[PDB]
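Engineer: Below you'll find the structure I mean.
There are 2 protein chains.
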Amino acid sequence: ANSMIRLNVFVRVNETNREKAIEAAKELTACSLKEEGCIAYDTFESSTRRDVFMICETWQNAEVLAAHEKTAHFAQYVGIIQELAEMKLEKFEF
Amino acid sequence: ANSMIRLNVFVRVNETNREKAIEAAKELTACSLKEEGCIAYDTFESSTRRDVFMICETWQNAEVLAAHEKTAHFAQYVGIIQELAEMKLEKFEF
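Chains as they are written, first to last, in the working numbering: chain A, 1 to 94; chain B, 101 to 194.
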């Protein structure tokens, strides 16, 4: 505080669900980028492991991140990804 | 210290150079993973921006990272990526 926050969210997904999970992350990416406190947000697929992708995020501070996590689009798309795949969130401060 | 270190290395690359830069990162990924203090290392392509990819790394500590940066494979492949593309390294401690 009032430091920026970097999230690295690693997602493991099978071949049946791979495209659907990535699309849901892509949809969540477009939604989150409209949030004022969202500094950066993108979905990245592993170039070496078909079953791995990640979400990289930068949040202005802890409070805009907390607000993000209370949004409808967050609940909707994270719910979807969690149903399709396994997620591990890692958080770091600048 | 003696904390783990997370690197997020963002790479911007044009269409002519895109595949070559990713392959060089992939080659560097295989090399770095053989290093004992390398906890994790992978190349990820943006699902939304063709010209963006990233390297995500986890290092056991500051000293194994310093040693990594003195290796021949580091100089070779980073040199290659730098010639093909623009790199921005961000470092965080666990």
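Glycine is no exception: its CB is placed at the ideal position from the N, C-alpha and C atoms.
Do the segment 116 to 124 of chain B and the segment 66 to 80 of chain A meet, that is, are 3 or more Cβ pairs less than 8 Å apart?
Structural biologist: No, because fewer than three Cβ pairs between the segment 116 to 124 of chain B and the segment 66 to 80 of chain A fall closer than 8 Å, the two stretches do not touch.
Engineer: Give the DSSP-derived three-state secondary structure of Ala40/A in the structure shown.
Structural biologist: Looking at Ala40/A - three-state DSSP - the assignment turns out to be strand.
Engineer: Alpha carbon to alpha carbon, how far is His168/B from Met87/A? Give it in angstroms, no decimals.
Structural biologist: Going by the C-alpha atoms only, they are around 29 Å apart.
Engineer: Would you mind reading off the limits of the beta strand (DSSP E) that contains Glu115/B?
Structural biologist: Where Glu115/B is concerned, there is no enclosing beta strand (DSSP E), given that its DSSP letter is neither H nor E.
Engineer: Which value, in whole angstroms, describes the spacing of the CA atoms of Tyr41/A and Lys170/B?
Structural biologist: Going by the C-alpha atoms only, they are around 32 Å apart.
Engineer: Kindly say whether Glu45/A, judged by its beta-carbon, lies nearer than 8 Å to any beta-carbon of chain B.
Structural biologist: At least one chain B Cβ lies under 8 Å of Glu45/A.
Engineer: Have a look at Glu115/B and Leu184/B and give me their C-alpha separation to the nearest angstrom.
Structural biologist: Looking at the two C-alpha atoms, the distance is approximately 10 Å.
Engineer: Residues of chain A with CB under 9 Å from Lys126/B, in chain order?
Structural biologist: Correct list: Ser47 and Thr48.
Engineer: Looking at chain A, is there any beta carbon in it that lies within less than 8 Å of the beta carbon of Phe174/B?
Structural biologist: Not one chain A Cβ lies under 8 Å of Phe174/B.
Engineer: Along the segment 107 to 133 of chain B, what residues have a CB closer than 9 Å to any CB found in chain A?
Structural biologist: Answer set for the segment 107 to 133 of chain B: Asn108, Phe110, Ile122, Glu123, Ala125, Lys126, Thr129 and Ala130.
Engineer: Nearest CA to the CA of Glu57/A: which residue from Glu93/A, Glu23/A, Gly79/A and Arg49/A?
Structural biologist: Minimum Cα distance to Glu57/A is reached at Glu93/A.
Engineer: Just checking, does the segment 106 to 113 of chain B make contact with the segment 149 to 166 of chain B on the three C-beta pairs under 8 Å criterion?
Structural biologist: Touching, yes, given that three or more Cβ pairs across the two stretches are closer than 8 Å.
Engineer: Can you check whether the C-beta of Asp42/A is within less than 8 Å of a C-beta belonging to chain B?
Structural biologist: Closer than 8 Å to some Cβ of chain B, the Cβ of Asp42/A qualifies, so yes.
Engineer: Quick one: what's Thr58/A bridged to in DSSP?
Structural biologist: For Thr58/A, which the question treats as bridged, DSSP gives the partners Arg6/A and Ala40/A.
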